[PDB]
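Below: one structure, written as structure tokens.
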Amino acid sequence: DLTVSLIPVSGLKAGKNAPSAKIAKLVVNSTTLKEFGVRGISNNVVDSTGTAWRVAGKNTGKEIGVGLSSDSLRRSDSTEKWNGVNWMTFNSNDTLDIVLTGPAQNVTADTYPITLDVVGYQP
Amino acid sequence: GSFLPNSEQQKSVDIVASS
């Protein structure tokens with residue numbers, strides 16, 4: 001199996017943010033498995049690979065756009081299919097960046113839940 | 001290659017944008 005951490009990056013502020021601003025770090029370790037696939041989980045998945053999606057604030061209901069950073073996407077080993085569903089795969093024993101996607105976003109002060117699905121893959 | 005269904009984990013955290 002895999003041991004997964006999802007760690008919030010500190011000192012994120014409301015208002016206009018930097019493009020590709022870091023909001024979380026995903027850590028995936030295994031002693032048995034060489035790779036893993038990762039997808040974001042939400043009501044609004046905005047690309048074919050579930051690597052960009054939208055999350056709603058708890059108190060205001062406002063949406064932000066979140067996903068894997070460009071550099072993290074580029075470190076991908078492959079895009080595989082599981083029951084016809086696209087999963088991007090990465091090397092185990094590595095970390096990835098979760099970021100505010102696209103051009104600079106104006107983030108309303110709130111708490112936003114971020115949920116990731118991770119699975120083991122053998123090439 | 002192939003996926004390992006039993007190894008699948010959902011994981012979530014709260015991110016906070018503060019004034």
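Each chain in the structure tokens gets a letter, A, B, ..., in the order shown, and its residues are numbered from 1; ligands are numbered from 1 in order too.
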
**Asked** Leaving out segment 37-51 of chain A and any residue of its chain fewer than 4 positions from it, which residues lie within 7 Å of it when counting only C-alpha atoms, given as a list in words?
**Response** residues 55, 67, 68, 86, 87, 88, 89, 90, 115, 116, 117, 118, 119, 120 and 121 of chain A

**Request:** Restrict the distance test to only C-alpha atoms, flag each residue of chain A within 9 Å of chain B, and return the flagged residues as a PyMOL selection string.
**Result:** chain A and resi 1-2+4-15+23-24+36-37+41+80-82+107-123

Restricting it to N, CA and C atoms, dump the selection as a compact mmCIF listing (two decimals), in the first residue's frame.
```
# COMPACT_ATOMS: atom_id res chain seq x y z
N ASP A 1 0.81 -1.26 0.00
CA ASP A 1 0.00 0.00 0.00
C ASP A 1 0.83 1.30 0.00
N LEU A 2 0.15 2.41 0.29
CA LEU A 2 0.72 3.75 0.25
C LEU A 2 0.46 4.47 1.54
N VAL A 4 -0.09 8.31 2.62
CA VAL A 4 -0.38 9.62 2.05
C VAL A 4 -0.55 10.72 3.13
N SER A 5 0.09 11.87 2.91
CA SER A 5 -0.16 13.10 3.65
C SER A 5 -0.65 14.22 2.71
N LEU A 6 -1.56 15.04 3.21
CA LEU A 6 -2.02 16.24 2.54
C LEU A 6 -1.84 17.39 3.53
N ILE A 7 -0.92 18.29 3.22
CA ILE A 7 -0.48 19.30 4.17
C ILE A 7 -0.80 20.72 3.68
N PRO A 8 -1.64 21.47 4.43
CA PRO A 8 -1.89 22.85 4.04
C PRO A 8 -0.63 23.72 4.18
N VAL A 9 -0.38 24.52 3.14
CA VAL A 9 0.71 25.50 3.14
C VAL A 9 0.23 26.73 3.92
N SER A 10 1.13 27.29 4.73
CA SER A 10 0.77 28.34 5.68
C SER A 10 0.69 29.75 5.08
N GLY A 11 -0.07 30.60 5.77
CA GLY A 11 -0.13 32.02 5.46
C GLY A 11 -0.72 32.31 4.10
N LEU A 12 -1.79 31.60 3.73
CA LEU A 12 -2.60 31.96 2.55
C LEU A 12 -3.52 33.11 2.94
N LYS A 13 -3.59 34.14 2.09
CA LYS A 13 -4.37 35.34 2.42
C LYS A 13 -5.49 35.62 1.43
N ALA A 14 -6.59 36.16 1.96
CA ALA A 14 -7.75 36.61 1.18
C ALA A 14 -7.36 37.76 0.26
N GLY A 15 -8.15 37.97 -0.79
CA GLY A 15 -7.84 38.99 -1.79
C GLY A 15 -7.04 38.45 -2.97
N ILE A 23 -1.22 26.08 -2.16
CA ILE A 23 -2.19 26.00 -1.07
C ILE A 23 -2.05 24.72 -0.26
N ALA A 24 -1.44 23.69 -0.87
CA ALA A 24 -1.25 22.40 -0.21
C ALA A 24 -0.12 21.61 -0.87
N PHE A 36 1.73 6.10 -8.36
CA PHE A 36 0.38 6.33 -7.92
C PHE A 36 -0.34 7.25 -8.93
N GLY A 37 -1.66 7.09 -9.03
CA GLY A 37 -2.49 8.08 -9.67
C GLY A 37 -3.19 8.93 -8.63
N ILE A 41 -11.37 15.44 -5.98
CA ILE A 41 -12.76 15.03 -5.75
C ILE A 41 -13.58 16.30 -5.49
N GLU A 80 -2.99 6.99 -17.43
CA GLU A 80 -3.58 5.65 -17.59
C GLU A 80 -5.11 5.66 -17.46
N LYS A 81 -5.74 4.55 -17.83
CA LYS A 81 -7.19 4.44 -17.71
C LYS A 81 -7.58 3.32 -16.76
N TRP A 82 -8.52 3.61 -15.86
CA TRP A 82 -9.03 2.63 -14.93
C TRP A 82 -10.53 2.60 -15.13
N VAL A 107 -9.53 35.55 -3.81
CA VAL A 107 -10.03 34.56 -2.87
C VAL A 107 -10.70 35.27 -1.71
N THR A 108 -11.97 34.95 -1.46
CA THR A 108 -12.70 35.46 -0.31
C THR A 108 -12.26 34.72 0.93
N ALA A 109 -12.09 35.45 2.02
CA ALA A 109 -11.73 34.86 3.30
C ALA A 109 -12.75 33.79 3.67
N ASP A 110 -12.29 32.56 3.87
CA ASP A 110 -13.16 31.43 4.17
C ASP A 110 -12.28 30.22 4.35
N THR A 111 -12.90 29.10 4.69
CA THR A 111 -12.24 27.82 4.75
C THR A 111 -12.74 26.99 3.56
N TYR A 112 -11.80 26.42 2.81
CA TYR A 112 -12.12 25.64 1.63
C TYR A 112 -11.61 24.23 1.82
N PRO A 113 -12.51 23.23 1.76
CA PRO A 113 -12.10 21.84 1.85
C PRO A 113 -11.49 21.32 0.56
N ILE A 114 -10.35 20.66 0.68
CA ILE A 114 -9.65 20.11 -0.46
C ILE A 114 -9.53 18.61 -0.28
N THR A 115 -10.04 17.86 -1.26
CA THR A 115 -10.13 16.41 -1.18
C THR A 115 -9.51 15.77 -2.42
N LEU A 116 -8.59 14.83 -2.18
CA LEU A 116 -7.88 14.11 -3.22
C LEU A 116 -8.12 12.60 -3.11
N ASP A 117 -8.34 11.97 -4.26
CA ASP A 117 -8.32 10.52 -4.38
C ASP A 117 -6.94 10.05 -4.91
N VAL A 118 -6.30 9.13 -4.19
CA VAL A 118 -4.99 8.60 -4.55
C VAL A 118 -5.07 7.07 -4.70
N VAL A 119 -4.40 6.51 -5.71
CA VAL A 119 -4.41 5.06 -5.86
C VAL A 119 -3.06 4.56 -6.35
N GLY A 120 -2.72 3.33 -5.95
CA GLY A 120 -1.50 2.65 -6.35
C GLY A 120 -1.53 2.14 -7.78
N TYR A 121 -0.40 2.28 -8.46
CA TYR A 121 -0.29 1.83 -9.83
C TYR A 121 1.01 1.08 -10.07
N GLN A 122 0.90 -0.09 -10.72
CA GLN A 122 2.08 -0.86 -11.14
C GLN A 122 2.21 -0.83 -12.66
N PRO A 123 3.28 -0.18 -13.16
CA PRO A 123 3.53 0.02 -14.59
C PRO A 123 3.70 -1.27 -15.41
```

**Message:** To test your reading of the structure, identify every residue in chain A that backbone DSSP assigns to helix (DSSP H, G or I), and report it as a VMD selection string.
**Reply:** chain A and resid 70 to 74

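Across the model, the gap from atom CA of residue 72 of chain A to atom CA of residue 29 of chain A is 16.2 Å.
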
**Request:** Compile the contact shell of residue 17 of chain A as a PyMOL selection string: residues with an atom at most 7 Å away, counting only C-alpha atoms, same-chain residues fewer than 4 positions apart removed.
**Result:** chain A and resi 21+104-106
